[PDB]
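Text of start_11.pdb, listed as PDB, C-alpha atoms:
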ATOM      1  CA  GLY A 449      76.162 -70.010 212.164  1.00  0.00           C
ATOM      2  CA  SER A 450      72.425 -69.922 211.923  1.00  0.00           C
ATOM      3  CA  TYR A 451      71.636 -70.878 208.372  1.00  0.00           C
ATOM      4  CA  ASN A 452      68.195 -72.255 208.055  1.00  0.00           C
ATOM      5  CA  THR A 453      66.048 -72.111 204.957  1.00  0.00           C
ATOM      6  CA  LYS A 454      65.419 -75.765 204.004  1.00  0.00           C
ATOM      7  CA  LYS A 455      65.614 -76.307 200.280  1.00  0.00           C
ATOM      8  CA  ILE A 456      64.808 -79.643 198.699  1.00  0.00           C
ATOM      9  CA  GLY A 457      68.211 -80.414 197.340  1.00  0.00           C
ATOM     10  CA  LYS A 458      71.586 -80.884 198.868  1.00  0.00           C
ATOM     11  CA  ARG A 459      75.201 -80.750 197.964  1.00  0.00           C
ATOM     12  CA  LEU A 460      77.525 -83.664 198.526  1.00  0.00           C
ATOM     13  CA  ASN A 461      81.204 -83.486 198.979  1.00  0.00           C
ATOM     14  CA  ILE A 462      82.579 -86.596 197.474  1.00  0.00           C
ATOM     15  CA  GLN A 463      86.134 -87.703 197.286  1.00  0.00           C
ATOM     16  CA  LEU A 464      86.921 -90.386 194.822  1.00  0.00           C
ATOM     17  CA  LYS A 465      90.137 -92.250 194.428  1.00  0.00           C
ATOM     18  CA  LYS A 466      91.666 -92.943 191.075  1.00  0.00           C
ATOM     19  CA  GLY A 467      91.599 -96.599 190.100  1.00  0.00           C
ATOM     20  CA  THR A 468      92.474 -98.005 186.667  1.00  0.00           C
ATOM     21  CA  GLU A 469      89.987 -95.751 184.925  1.00  0.00           C
ATOM     22  CA  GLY A 470      89.688 -93.544 187.930  1.00  0.00           C
ATOM     23  CA  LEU A 471      87.737 -90.699 186.689  1.00  0.00           C
ATOM     24  CA  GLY A 472      84.908 -92.690 185.294  1.00  0.00           C
ATOM     25  CA  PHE A 473      82.520 -89.901 185.311  1.00  0.00           C
ATOM     26  CA  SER A 474      82.006 -87.397 182.655  1.00  0.00           C
ATOM     27  CA  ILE A 475      80.281 -84.078 182.513  1.00  0.00           C
ATOM     28  CA  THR A 476      78.002 -82.318 180.129  1.00  0.00           C
ATOM     29  CA  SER A 477      76.397 -78.925 179.843  1.00  0.00           C
ATOM     30  CA  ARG A 478      73.232 -78.206 177.987  1.00  0.00           C
ATOM     31  CA  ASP A 479      71.021 -75.336 178.946  1.00  0.00           C
ATOM     32  CA  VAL A 480      70.392 -73.218 181.961  1.00  0.00           C
ATOM     33  CA  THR A 481      66.985 -72.490 183.304  1.00  0.00           C
ATOM     34  CA  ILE A 482      66.644 -69.761 185.951  1.00  0.00           C
ATOM     35  CA  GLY A 483      69.939 -67.913 185.908  1.00  0.00           C
ATOM     36  CA  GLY A 484      72.577 -67.661 183.240  1.00  0.00           C
ATOM     37  CA  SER A 485      75.966 -69.388 183.011  1.00  0.00           C
ATOM     38  CA  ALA A 486      75.088 -72.991 181.900  1.00  0.00           C
ATOM     39  CA  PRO A 487      75.369 -75.663 184.632  1.00  0.00           C
ATOM     40  CA  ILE A 488      77.724 -78.589 184.582  1.00  0.00           C
ATOM     41  CA  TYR A 489      76.035 -81.960 185.005  1.00  0.00           C
ATOM     42  CA  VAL A 490      77.351 -85.408 185.548  1.00  0.00           C
ATOM     43  CA  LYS A 491      76.388 -87.235 182.425  1.00  0.00           C
ATOM     44  CA  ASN A 492      77.817 -90.656 182.650  1.00  0.00           C
ATOM     45  CA  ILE A 493      79.163 -92.923 185.307  1.00  0.00           C
ATOM     46  CA  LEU A 494      81.515 -95.591 184.017  1.00  0.00           C
ATOM     47  CA  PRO A 495      80.728 -98.924 185.858  1.00  0.00           C
ATOM     48  CA  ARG A 496      84.314 -99.421 186.820  1.00  0.00           C
ATOM     49  CA  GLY A 497      86.003 -96.126 187.698  1.00  0.00           C
ATOM     50  CA  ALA A 498      86.326 -94.074 190.923  1.00  0.00           C
ATOM     51  CA  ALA A 499      82.625 -93.180 190.989  1.00  0.00           C
ATOM     52  CA  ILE A 500      81.687 -96.832 191.535  1.00  0.00           C
ATOM     53  CA  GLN A 501      85.014 -97.605 193.239  1.00  0.00           C
ATOM     54  CA  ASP A 502      84.020 -95.471 196.223  1.00  0.00           C
ATOM     55  CA  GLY A 503      80.398 -95.618 195.242  1.00  0.00           C
ATOM     56  CA  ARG A 504      79.619 -92.082 196.155  1.00  0.00           C
ATOM     57  CA  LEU A 505      78.896 -90.487 192.812  1.00  0.00           C
ATOM     58  CA  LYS A 506      76.142 -91.085 190.291  1.00  0.00           C
ATOM     59  CA  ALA A 507      74.941 -89.457 187.080  1.00  0.00           C
ATOM     60  CA  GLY A 508      72.268 -86.823 186.968  1.00  0.00           C
ATOM     61  CA  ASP A 509      73.594 -84.618 189.732  1.00  0.00           C
ATOM     62  CA  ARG A 510      74.800 -81.151 189.045  1.00  0.00           C
ATOM     63  CA  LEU A 511      78.438 -80.777 189.566  1.00  0.00           C
ATOM     64  CA  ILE A 512      79.246 -77.713 191.656  1.00  0.00           C
ATOM     65  CA  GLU A 513      82.970 -77.973 191.962  1.00  0.00           C
ATOM     66  CA  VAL A 514      85.665 -80.440 191.237  1.00  0.00           C
ATOM     67  CA  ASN A 515      88.948 -80.682 193.061  1.00  0.00           C
ATOM     68  CA  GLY A 516      88.053 -77.393 194.781  1.00  0.00           C
ATOM     69  CA  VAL A 517      87.513 -75.301 191.666  1.00  0.00           C
ATOM     70  CA  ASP A 518      84.192 -73.523 190.902  1.00  0.00           C
ATOM     71  CA  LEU A 519      82.416 -74.590 187.798  1.00  0.00           C
ATOM     72  CA  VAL A 520      79.759 -72.015 187.475  1.00  0.00           C
ATOM     73  CA  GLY A 521      81.598 -69.390 185.565  1.00  0.00           C
ATOM     74  CA  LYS A 522      83.853 -71.635 183.482  1.00  0.00           C
ATOM     75  CA  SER A 523      83.242 -73.740 180.365  1.00  0.00           C
ATOM     76  CA  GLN A 524      83.271 -77.546 179.936  1.00  0.00           C
ATOM     77  CA  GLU A 525      86.680 -77.642 178.310  1.00  0.00           C
ATOM     78  CA  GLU A 526      88.089 -75.903 181.342  1.00  0.00           C
ATOM     79  CA  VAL A 527      86.335 -78.353 183.653  1.00  0.00           C
ATOM     80  CA  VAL A 528      87.205 -81.433 181.569  1.00  0.00           C
ATOM     81  CA  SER A 529      90.905 -80.644 181.622  1.00  0.00           C
ATOM     82  CA  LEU A 530      90.549 -80.030 185.341  1.00  0.00           C
ATOM     83  CA  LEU A 531      88.995 -83.492 185.524  1.00  0.00           C
ATOM     84  CA  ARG A 532      91.639 -85.099 183.231  1.00  0.00           C
ATOM     85  CA  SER A 533      94.351 -83.776 185.532  1.00  0.00           C
ATOM     86  CA  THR A 534      92.735 -85.644 188.452  1.00  0.00           C
ATOM     87  CA  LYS A 535      95.279 -84.743 191.186  1.00  0.00           C
ATOM     88  CA  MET A 536      98.713 -86.043 192.251  1.00  0.00           C
ATOM     89  CA  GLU A 537      97.680 -88.937 194.538  1.00  0.00           C
ATOM     90  CA  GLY A 538      94.455 -89.296 192.716  1.00  0.00           C
ATOM     91  CA  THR A 539      91.743 -88.244 195.095  1.00  0.00           C
ATOM     92  CA  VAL A 540      89.291 -85.942 193.510  1.00  0.00           C
ATOM     93  CA  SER A 541      86.881 -83.836 195.422  1.00  0.00           C
ATOM     94  CA  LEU A 542      83.533 -83.598 193.706  1.00  0.00           C
ATOM     95  CA  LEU A 543      80.750 -81.495 194.960  1.00  0.00           C
ATOM     96  CA  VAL A 544      77.503 -82.481 193.529  1.00  0.00           C
ATOM     97  CA  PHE A 545      74.038 -81.282 193.944  1.00  0.00           C
ATOM     98  CA  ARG A 546      71.526 -83.980 194.496  1.00  0.00           C
ATOM     99  CA  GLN A 547      68.345 -83.001 192.964  1.00  0.00           C
ATOM    100  CA  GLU A 548      65.140 -84.811 192.514  1.00  0.00           C
ATOM    101  CA  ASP A 549      63.559 -82.868 189.707  1.00  0.00           C
TER     102      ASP A 549
END
What would the structure in this file look like if it were written as structure tokens?
Amino acid sequence: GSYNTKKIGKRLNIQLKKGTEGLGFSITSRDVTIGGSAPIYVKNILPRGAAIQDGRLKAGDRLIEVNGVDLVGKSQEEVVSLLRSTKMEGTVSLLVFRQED
């Protein structure tokens, strides 16, 4: 469809495969500016887990969804347990928003 607006920021669909410490990325939520719900951000990227293993994820980006579940609307504890579950084979779908703020 014709969707054309051009915003400086993009979302990335990233699948990461569980290694030894597969989900080596952790999230945080602080404050929301413009809106209201508190955004989920990737805080830390462990130098040895799936993030580096596939090398697609980094810290700083806003996490939009993980494993196909929407974050904006749920709390960290809900997202963390969603993260801790990983998936059965171990491939996690992260959607991040790359922002250069």
Please write as a ChimeraX atom specification the full residue list that the PyMOL selection byres ((chain A and resi 470-477) around 6) yields on this file. /A:466-469,478,487-494,497-498
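Taking only C-alpha atoms, the non-local environment of residue 483 in chain A within 12 Å (same-chain residues fewer than 3 positions away omitted) comprises residues 479, 480, 486, 487, 520 and 521 of chain A.
Proximity ranking of A:534, A:462, A:522, A:502 relative to residue 484 in chain A places A:522 first, based on all atoms listed in the file.
When CA of residue 482 in chain A is paired with CA of residue 514 in chain A, their separation reads 22.4 Å.
Considering the residues A:547, A:523, A:533, A:515 and counting all atoms listed in the file, residue 461 in chain A has its shortest atom-to-atom contact with A:515.
Using all atoms listed in the file for every distance, the candidate list A:542, A:500, A:528, A:536 yields A:542 as the residue closest to residue 516 in chain A.
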Can you turn the PyMOL selection byres ((chain A and resi 539) around 7) into a concrete residue list for this file, as a CSV table (one decimal) with C-alpha atoms, in the coordinates of the input?
chain,number,residue,atom,x,y,z
A,463,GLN,CA,86.1,-87.7,197.3
A,464,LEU,CA,86.9,-90.4,194.8
A,465,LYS,CA,90.1,-92.2,194.4
A,466,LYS,CA,91.7,-92.9,191.1
A,535,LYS,CA,95.3,-84.7,191.2
A,537,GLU,CA,97.7,-88.9,194.5
A,538,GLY,CA,94.5,-89.3,192.7
A,540,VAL,CA,89.3,-85.9,193.5
A,541,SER,CA,86.9,-83.8,195.4
What is the CA of residue 459 in chain A to CA of residue 546 in chain A distance in Å? 6.0 Å
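For the pair CA of residue 504 in chain A and CA of residue 544 in chain A, the separation is 10.2 Å.
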Please list, as a PyMOL selection string, the residues that have an atom at most 6 Å away from (74.7, -79.0, 190.0) in the coordinates of this file, counting all atoms listed in the file. chain A and resi 489+509-512+544-545
